[PDB]
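Enquirer: need the 3D shape of this:
(chains A, B and C, ligands or ions: 2)
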Amino acid sequence: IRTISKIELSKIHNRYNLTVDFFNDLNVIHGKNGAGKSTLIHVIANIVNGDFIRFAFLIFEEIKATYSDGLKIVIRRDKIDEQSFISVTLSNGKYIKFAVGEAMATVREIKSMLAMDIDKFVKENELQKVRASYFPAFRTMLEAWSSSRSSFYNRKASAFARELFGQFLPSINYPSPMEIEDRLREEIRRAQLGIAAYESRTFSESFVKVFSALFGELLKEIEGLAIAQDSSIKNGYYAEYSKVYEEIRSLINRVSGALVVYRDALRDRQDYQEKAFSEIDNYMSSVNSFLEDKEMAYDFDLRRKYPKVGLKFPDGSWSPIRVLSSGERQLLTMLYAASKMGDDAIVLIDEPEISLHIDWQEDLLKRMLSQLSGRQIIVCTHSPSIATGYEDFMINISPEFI
Amino acid sequence: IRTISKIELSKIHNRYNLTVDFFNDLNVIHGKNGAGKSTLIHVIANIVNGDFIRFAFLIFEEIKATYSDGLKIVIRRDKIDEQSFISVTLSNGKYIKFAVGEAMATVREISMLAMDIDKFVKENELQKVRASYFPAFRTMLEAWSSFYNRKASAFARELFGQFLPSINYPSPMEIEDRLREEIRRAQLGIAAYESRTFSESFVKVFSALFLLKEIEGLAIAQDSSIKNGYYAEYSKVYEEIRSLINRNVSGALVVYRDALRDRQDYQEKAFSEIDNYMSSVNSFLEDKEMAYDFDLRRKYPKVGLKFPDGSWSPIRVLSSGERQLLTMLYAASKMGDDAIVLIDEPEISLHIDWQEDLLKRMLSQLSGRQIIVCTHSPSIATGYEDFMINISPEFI
Amino acid sequence: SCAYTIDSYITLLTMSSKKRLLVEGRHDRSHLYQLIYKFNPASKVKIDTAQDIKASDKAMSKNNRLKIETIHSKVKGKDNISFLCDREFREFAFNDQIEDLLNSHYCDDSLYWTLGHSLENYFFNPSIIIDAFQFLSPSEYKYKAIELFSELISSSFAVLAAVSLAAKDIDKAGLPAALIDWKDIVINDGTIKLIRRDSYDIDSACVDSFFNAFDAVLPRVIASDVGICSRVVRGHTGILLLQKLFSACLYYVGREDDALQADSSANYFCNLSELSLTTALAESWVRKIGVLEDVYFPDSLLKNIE
Ligand SMILES: Nc1ncnc2c1ncn2[C@@H]1O[C@H](COP(=O)(O)OP(=O)(O)OP(O)(O)=S)[C@@H](O)[C@H]1O
Ligand SMILES: Nc1ncnc2c1ncn2[C@@H]1O[C@H](COP(=O)(O)OP(=O)(O)OP(O)(O)=S)[C@@H](O)[C@H]1O
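Expert: Numbers count the residues shown, from 1 in each chain, chains lettered A, B, ... in the order given. Ligands and ions are numbered 1, 2, ... in the order given. Coordinates below:
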């Protein structure tokens, strides 16, 4: 798990230098208009993702990037005999050099020889350990375009955005609502299977304990825990613990420590249900601190084969996630990107204030960091509300014009 | 010309109602997520432009828009024989009713209904004032330039539903083209005035036929100016005249001073709109300077940025925020055409410093045209809380 | 609404690069904008108002001075922010002769207090009021009323300060607004007296509570330099009372000549909006700065800003 410690861009567009030092938890980058914020985020995303062929579309003289581990990537663009040459050098002495003509030819064609050489270089030197979840400023328009894309496929959207916004634009990998729904379904399935495995194992162990044994307030505690794990979501596939407690009490009224194992069996199970569903529960609680008149919930029923994940309204009407507005979709996506149920990323968000009221803006970063994922977040923003309470993490970029 | 005074939307989307009253100069609309802000701007844009054919794509019960002049356009969607009808009734007593099926079929094809709508619009003086519409998606559509209005509107309707107004905000490319055209017009007016001044100066000298420090200053000022860079032979003339006068009446010098002052005044008046717009834009941009150069011997004026090293760049190199600033300021400039300006979230990609001077600098350009804004940023409404509206739907 | 919050405003201060001035209300914003524009018509200063900053605490929801003090405490040191809070009755001693403990503009780390009770007290030089009432007042006999004012203002400011101080003592800010009316005042050889009417909306207990303290104070307020009296009055009540006194002068002048015209003029100006009077006075005060010597202004604040 690396993180950017310094980006020193020189002669970007042949008009301004820009050196920036980063933190490891949160970096709110602000600055006057035309200061290089978007260019800085684009450089970061392109270096992190390993896409070194896009630097042939940017005019510069140096891009030095220092990682937390200690790897230093130096990218030059030197003109030799009127031919441009992008050379990438690492800290261990390995370099790759390719001509801008071949890079543009490969971009126009689309795995050319240049692409294969770059890919082998990146793979050998381990320059793709951490991905980069890039949230473009034009989120709403792109989301309307698609579905009228995923964190992995993300190929048609990237091509469209590159045609519209030049060929240095980092690939769009931010997770869409559809991928979030699929991921939540998969996580719920995994949690269900884990809970079933735990039930099997604990049944075996408790039977062993009871067989080994064969050679007052307990009832109240059993009832108190039985009510908890009976009328709660995540156990709708079976909600008859009240009957079990009633029958146990009836039989007792009609050895002494036998009921003790019951409290253990229920206790451990309840604890497991709060660790298997931990990530989804945290993410949904974070999301529901924003939505009003709708809550995001998962329903388990015996009739329906697939556990349903979607919005719940007070009247009891479920609905797919697509019904949410633009602001809700953005909230959901960024909160997922910062949630524990990702893979690995350096979440880059450009203008997180698009289509958000001040109320949600003030609580956005606080709730994103509330999930202790540890993923480095870089936010290029103009809204003072987004940065409230994090004035000590702010980075002001002021490029030094030549 | 005209200006909306009230809007009474009923059963919009079968979910809520609304009733908003608008001021005459500036209206700032703020509210929580889900409020009918975008729908309200769309309704006002569609009603002003006369695009009543678009109301076949909205689910409503009765819309009532009243201008300052006195018209009280009232659009009613109803069901007769299980067929949806949109009836547009004016305050004059007229009425046109068209079927939703015909509108949907025509929009799919693109007709008799379109011709009837146009006839109603033109006969009753309904297209008097257009409405610039700055959507929430300006960078994507602006970048979708690789009529601009027609293609962009088709795209934006394929994306964001068919009720969206026609997108006719002045794009940066159109801004550059219009600036160049205004530059050419200023130059040609200067030429015409030069000919007329030559004639009248011959007349004035002849009439004479039957302070030098001020002329020195005026000649020095006029010689060094991008506006009058072509001739540029003013210092030499003044020096020669001074030498001749010393060697050797003053009425000729008086006539010359009058002529030079008149030419300078006309030059200031010809480039008035362009210079004012460029000054307004340059109150914002830092480290750059929007400027023009009518020189090179290549007869095409240059309009573009001027960094502080003599390096020129085109307008396409600007960032999103600077381009949006350009666009909005032009929409508020005297070079714009349509009165009503409907800007949806003018706080996109704009620094707080610029948000805090945007409305002052747009109202300072003395266009006198109505501006309606829908903003989520407190920085745009500062100093204008007397002109701030809050809309709350009465969810039914 | 869509106003900022205290933390959001501190973040805005650290983000922005302009020079800012934080005033308590929205009228002070206009007046100080006029002052700054006069001294430098091309000024990049922004005047923000605490009234448009939301505070979560219920106590702070209406106390703008506490808001300014909080923001100053949390952002002390920054060199692109200046604060201007009003002086209320702080540092004012009412032991016999009304005395000002601090005779200059209090300054404490970018926080500046007003010389008097508020910005509206700079307007209380005889020259400013006399000049600024002509521009708006009709003429039943204009110059006559101006001349009668020119003299009556000497005791008028003492009486107005007494009214404000009595209101402060009885802990009823708005009482002078409604209790006193233009027909109420009485003029006797350039001496202002405040007769007590019979009917009053507030309970007669309130009327007594005011008038007793007023009578007690009057000797106290008639033994200090008129400058202190002009400093110790309140803004809105002072403006309203001055409106009423000019109305009374109009009636006194016009009663001898014609009853109808005098009554019309007096009852007219008695309805003129407070915003109009305050704007006219601000225009006169800004237009009459430095040229005279008895006209004050927040010089220290203007020096600190820019
Ligand atoms: N050929 C060029 N293409 C793009 N940018 C250029 C070029 N030449 C110079 N520049 C500079 O690059 C800047 C763009 O910086 P960006 O990072 O895209 O803007 P930004 O930091 O996102 O600010 P905002 O918020 O988008 S207005 C311009 O303001 C120019 O000063
Ligand atoms: N096709 C539709 N059918 C039903 N309701 C809709 C439809 N389109 C929009 N709405 C709702 O109409 C209301 C107003 O429209 P919106 O565009 O969402 O206003 P808005 O949400 O305040 O705009 P912002 O700035 O993006 S939050 C919202 O509650 C929407 O959910």
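
Enquirer: which element is the nearest residue to residue C:105 once chain neighbours are set aside on?
Expert: The shortest distance from residue C:105 to any non-neighbouring residue, by Cβ to Cβ, 6 or more residues apart in numbering or on different chains, is to residue C:300 (4.8 Å). Every residue, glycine included, has its C-beta placed from N, CA and C. According to DSSP states H and E, residue C:300 maps onto helix C:299-304.

Enquirer: elements contacting that helix?
Expert: If you count contacts as 3 or more Cβ pairs under 8 Å, 6 or more residues apart in numbering or on different chains; DSSP states H and E, helix C:299-304 packs onto helix C:27-39, strand C:81-85, strand C:111-113.

Enquirer: show me the contact partners of it.
Expert: C:21, C:35, C:36, C:39, C:82, C:84, C:105, C:107, C:110, C:112 (Cβ atoms under 8 Å, 6 or more residues apart in numbering or on different chains).

Enquirer: could you identify which of the helices and strands packed on helix C:299-304 is most buried?
Expert: strand C:81-85 (a mean of 24; mean count of other Cβ atoms under 10 Å in any protein chain shown).

Enquirer: what pairs with it, parallel or antiparallel?
Expert: strand C:19-23 (parallel), strand C:111-113 (parallel) (DSSP bridges).

Enquirer: nearest to residue B:335, out of the ones you listed?
Expert: If you check each of the strands paired with strand C:81-85 against residue B:335 by Cβ to Cβ, strand C:19-23 wins as the nearest, at 32.3 Å.

Enquirer: same for the lengthiest helix in chain C, what does it pack against?
Expert: Longest helix in chain C by number of residues (criterion: DSSP state H): helix C:142-169. The elements that helix C:142-169 packs onto, with contact taken as 3+ Cβ pairs under 8 Å, 6+ apart, are helix C:126-134, helix C:175-179, strand C:192-194, helix C:204-221, helix C:226-232, helix C:235-257.

Enquirer: now do the SS call for the one residue sitting closest to the centre of chain A.
Expert: Chain A has residue A:337 as the residue nearest its centroid, 2.4 Å off, counting by Cα atoms, centre = their mean. Here residue A:337 is recorded as helix under DSSP: H, G, I helix; E, B strand; the rest coil.

Enquirer: in chain C, which residue is closest to the centre?
Expert: The residue lying closest to the centre of chain C (Cα atoms, centre = their mean) is residue C:235, at 2.1 Å.

Enquirer: how about that one, what does it touch?
Expert: C:117, C:118, C:119, C:120, C:121 are the contacts of residue C:235 under Cβ under 8 Å, 6+ apart.

Enquirer: wait, the last one sits on residue C:114?
Expert: Yes: under the criterion of Cβ atoms under 8 Å, residue C:121 is in contact with residue C:114, at a separation of 7.0 Å.

Enquirer: not counting residues beside it along the chain, what's closest to the residue in the stretch 101-250 of chain C that chain B sits nearest to?
Expert: Closest to chain B within the stretch 101-250 of chain C is residue C:119: 17.2 Å, counting by Cβ to the nearest Cβ. Among residues not flanking residue C:119 along the chain, residue C:28 sits closest, at 4.8 Å (Cβ to Cβ, 6+ apart).

Enquirer: any idea how far the residue nearest to residue C:105 is from residue B:28?
Expert: 35 Å (Cβ to Cβ, to the nearest Å).

Enquirer: and the residue in the stretch 201-306 of chain C that chain B sits nearest to, what element?
Expert: Residue nearest to chain B within the stretch 201-306 of chain C (Cβ to the nearest Cβ): residue C:275, separated by 10.9 Å. Following DSSP H and E, the helix or strand that holds residue C:275 is helix C:274-287.

Enquirer: what's that helix in contact with?
Expert: By Cβ under 8 Å, 6+ apart, helix C:274-287 touches C:27, C:30-31, C:34-35, C:38, C:120, C:122-123, C:128-129, C:131-133, C:135-136, C:236, C:239-240, C:242-243, C:295, C:297.

Enquirer: name the residues of that helix that are buried.
Expert: C:277, C:278, C:279, C:280, C:281, C:282, C:283, C:284, C:285, C:286 (16 or more other Cβ atoms under 10 Å in any protein chain shown).

Enquirer: over to stretch A:334-344?
Expert: In stretch A:334-344, counting by 16+ other Cβ under 10 Å, buried: A:334, A:335, A:336, A:337, A:338, A:339, A:341, A:342.

Enquirer: and residue C:9, what is it in contact with?
Expert: With Cβ under 8 Å, 6+ apart, residue C:9 has these contacts: A:384, C:53, C:71.

Enquirer: picking up where we left off before, distance of the residue nearest to the centre of chain A relative to residue A:251?
Expert: From residue A:337 to residue A:251 the distance is 53 Å (Cβ to Cβ).

Enquirer: give me the outermost residue of chain A relative to its centroid.
Expert: Most remote from the centre of chain A, using Cα atoms, centre = their mean: residue A:254, at 56.0 Å.

Enquirer: now do that residue against residue A:248, distance only.
Expert: 11 Å.

Enquirer: got it, and residue A:139?
Expert: In terms of Cβ to Cβ, residue A:139 sits 55 Å off from residue A:248.

Enquirer: higher neighbour count, these two?
Expert: residue A:139 (24 against 17; other Cβ atoms under 10 Å in any protein chain shown).

Enquirer: quick revisit: list the buried residues in the longest helix of chain C.
Expert: By neighbour count on 16+ other Cβ under 10 Å, the buried set for helix C:142-169 is C:144-146, C:148-149, C:152-153, C:155-169.

Enquirer: and what of stretch C:87-98?
Expert: For stretch C:87-98, by 16+ other Cβ under 10 Å, it's C:87, C:92, C:94, C:98.

Enquirer: quick one: which of those residues is nearest ligand 1?
Expert: residue C:87 (42.4 Å; Cβ to the nearest ligand atom).

Enquirer: what's near enough to touch the closest one?
Expert: So residue C:87 contacts C:106, C:113, C:114, C:115, C:116, C:117, C:118 (Cβ under 8 Å, 6+ apart).

Enquirer: quick check, the residue in the stretch 301-402 of chain A closest to ligand 1?
Expert: residue A:382 (6.5 Å).

Enquirer: revised request: answer the last question for the stretch 1-150 of chain C.
Expert: Here the stretch 1-150 of chain C gets closest to ligand 1 at one residue, residue C:15, 12.9 Å apart by Cβ to the nearest ligand atom.

Enquirer: how far away is that residue from residue A:28?
Expert: As judged by Cβ to Cβ, residue C:15 and residue A:28 stand 10 Å apart.

Enquirer: ok, which of the contacts of residue C:9 also contact chain B?
Expert: Subset of the contacts of residue C:9 in contact with chain B: residue A:384, counting by Cβ under 8 Å from any Cβ of the partner chain.

Enquirer: of the contacts of residue C:9, which is the nearest to residue C:196?
Expert: After measuring the contacts of residue C:9 against residue C:196 - Cβ to Cβ - the closest member comes out as residue C:53, at 42.3 Å.

Enquirer: is it correct that that closest one is in contact with residue C:66?
Expert: No: applying Cβ under 8 Å, one finds residue C:53 not in contact with residue C:66, separated by 11.3 Å.
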